[PDB]
């Protein structure tokens, strides 16, 4: 068949009974806000801020809340944050490249021969299309967070929950300590893209389109991956259609149209609507509706940094960044997924990324031998064609240039801490995640001598339309403990260090649990900002306060994911003077992939994270 999973529970079965993302009560949010400020502000700054939190709490804030609560009661079908969060993304007129689009890189196939470009591109293309198919058939297994997997992730429970109506189904998984997740982002995984428009950019989806977009050397191609019936095209045809694209020797155009998608969003809004007026709507549509986009780079990876630059921005000529995502397969068969962020938060992407890796490696659709089907590529494979006015050649060349400027400012490097990872730390009764967040803080203070506003991403996906809440790793405990380890490593005794690390580990876990539960502060205060501005009042004075802006100016921005399908991943820093830390804590090692601009140094900040981790373990080993 053409499904890569065969679930008896329909994929969307729990969507109707997901609980609502709770709104915290306001007193808490302010406490939580001020707790987060405590390690960063000095004395008088803290005083100032607190005065404001009092004003806001019983003044304007109290009234915004009254209203955010009543509006939420009137909109039970959704979460109170979704709309204002989609807008966070869509209204940002900055480039999406670096500022929003991240990557994650696949591991190779274990079987050497299968890492050939033609083979691999074909199989990945085919699994992806298999996945779409199975999603559509409702035969993908619902996303669930299991506390007791050997209890609830069993045919036995599935065989049973399946008869429970969607309007009550979430309670059956609840009573077994299992947590179904929101899965609405998934309808935008395929045949979908971001359209630049003035003010709010807009998300486009077309469900009928049966075709793959492929970018080689700047040239646009399309061909069919799904036939008249809705069945996957013959692997060996697809293989042939790709082989024949891999042949074409026309070099890189004087105007690769793929630069317009890295521009400022108003510049590109307008240029896009000029391409329209100059007669390209129809060809834009062909680009806009493609299930996804397959980028076939024609160079090999020299190393990890190279791979990272390549997967994160590339050269500019060879990625439609507006697309829901991009499947990149290079010459040594290194592959990845680079994705636009407005439509989704990448639990979905990890799910897709995971199914696709499994299926393509354990169930290749073709083999490094397979003889390509006899067929007429030139008639099946369309080569796209644009009408490029003077003004549009002008804007393509301006996009090339603004692109290449920025890309020279970025510098990424990595570490592979091999003295142990998750095992050892869980033995010492410590949250492995916090130990890592601890290495960061400590590494920074060891190198720049400050304590800066830190962002950790956490999922609120167990609620309806749930997205992310923010963990605030930089706490009073993390400050004290970091001072201890760095200024006066000798004024404190061994067990005395061990105690502080437990303080951190502890407080951290209280945040991680509250975050996931809707119970942090950032989304709340933001949802309150949005509603002022939206009813047309002035900004309230809490958000004007310098300290508020400083809190939301994340010098360290961090994110992690565990999968045996991922080799590494990455994202730009989120501010001009900041860090992009992608990290993963494995059984026996800790990996980081760190990005920075000109005002900061990565390689060096990684030498500190190494040492910070060495001292961490030694302290834990009673040295």
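Positions refer to the first chain, counted from 1. Heads up, when I say rigid core I mean the largest set of C-alphas that superpose within 1.5 Å between the two forms.
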Task: Between 93-101 and 482-490, the one whose CA atoms sit farther away in 6 other deposited structures of this protein (rigid core aligned) - done: 482-490
Open item on the list: For a rigid core alignment of each structure in 6 other deposited structures of this protein onto the shown form, which stretch has the higher root mean square Cα deviation: 203-211 or 340-348?
Closed with: 340-348
Open item on the list: Tell me which stretch has the larger mean Cα B-factor in this entry, 74-82 or 491-499.
Closed with: 491-499
Open item on the list: Averaging CA B factors per stretch from the PDB record, which one is higher: 407-415 or 282-290?
Closed with: 407-415
Task: Options 513, 309, 464, 446 - largest CA temperature factor per the record - done: 446
Open item on the list: According to the Cα B-factor stored in this entry, which of the following is highest: 255, 100, 174, 131?
Closed with: 174
Task: Chain-wide C-alpha B factor ranking for residue 455, given as lowest, middle or highest third - done: lowest
- [ ] Select lowest, middle or highest to describe the third in which the CA B-factor of residue 590 falls within its chain in this entry.
- [x] middle
Open item on the list: Is residue 300 in the lowest, middle or highest third of its chain when residues are ranked by C-alpha B-factor?
Closed with: highest
TODO: Sorting the chain's modelled residues by C-alpha B-factor, tell me whether residue 565 ends up in the lowest, middle or highest third.
DONE: middle
TODO: Relative to the other modelled residues of the same chain, rank the CA B-factor of residue 320 and answer lowest, middle or highest third.
DONE: lowest
